[PDB]
Amino acid sequence: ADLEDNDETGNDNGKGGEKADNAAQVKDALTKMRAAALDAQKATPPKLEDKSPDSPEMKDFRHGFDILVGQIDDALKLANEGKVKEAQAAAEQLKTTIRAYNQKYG
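Residues numbered from 1 in each chain as written, not as in the entry; some residues may be left out. Heavy atoms only, no water.

### A short note on a negative patch on the surface
A cluster of like negative charges, contributed by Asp 2, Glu 4, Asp 5, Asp 7, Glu 8 and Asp 12, occupies part of the molecular surface. Inspection of the secondary structure assignment puts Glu 4 in the segment before helix 1 (23-42). What makes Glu 4 partly exposed here is its relative accessible area of 35%. (Patch = residues over 30% accessible without salt bridge, like charges linked within 9 Å, V, L, I, M, F, W, Y side chains within 5 Å. Areas by Shrake-Rupley, 256 points an atom, 1.4 Å probe, with all protein chains shown as cover. Salt bridge = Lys/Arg side-chain N within 4 Å of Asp/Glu carboxyl O. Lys, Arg positive; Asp, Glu negative; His and termini not counted. Charge placed at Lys NZ, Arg CZ, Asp CG, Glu CD. Helix = DSSP H or I, 4+ residues; strand = E, 2+ residues; numbered from the N terminus. Buried < 20%, exposed > 50% of the residue type's maximum accessible area, 1.4 Å probe, protein only.)

### Here's the deal with the side chain of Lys 51
Mapped onto the elements of the fold, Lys 51 is located in the loop between helix 1 and helix 2 (57-80). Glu 49 provides the closest opposite charge to the buried, salt-bridge-free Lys 51, at an N-O distance of 4.0 Å. A distance of 2.7 Å separates a polar atom in the side chain of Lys 51 from the backbone oxygen of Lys 47. Only 3.1 Å separates the side chain of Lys 51 from the backbone oxygen of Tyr 105, close enough to count as a polar contact. Residues contacting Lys 51, with those up to four places away along its chain left out, are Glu 57 and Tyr 105. (Polar contact = N/O pair within 3.5 Å; in protein donor to acceptor, adjacent residues only side chain to side chain. Contact = heavy atoms within 4.5 Å.)

Written out as structure tokens, the structure reads:
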């Protein structure tokens, strides 16, 4: 029932001071992957050097990105209501998860 949450000014720009050490460093680290998922998808031909939308590419992409983009969100929400220590750890569980996707197609 809110009416003040749509790219106003408090969001996104809610930094530029608390530098990058705890949660700040995390957040920036979460979008890092995100922006990467979108990149790989259709920007910097990675493992798809010769696996165009023929093989499970799309299945692994449409998902592989949903996954990352699914954990990325599961990550912040963790650091949102669960100290970074729990998130930084939750960040690792991802490294392995994507490695199944990264290696699967790697």
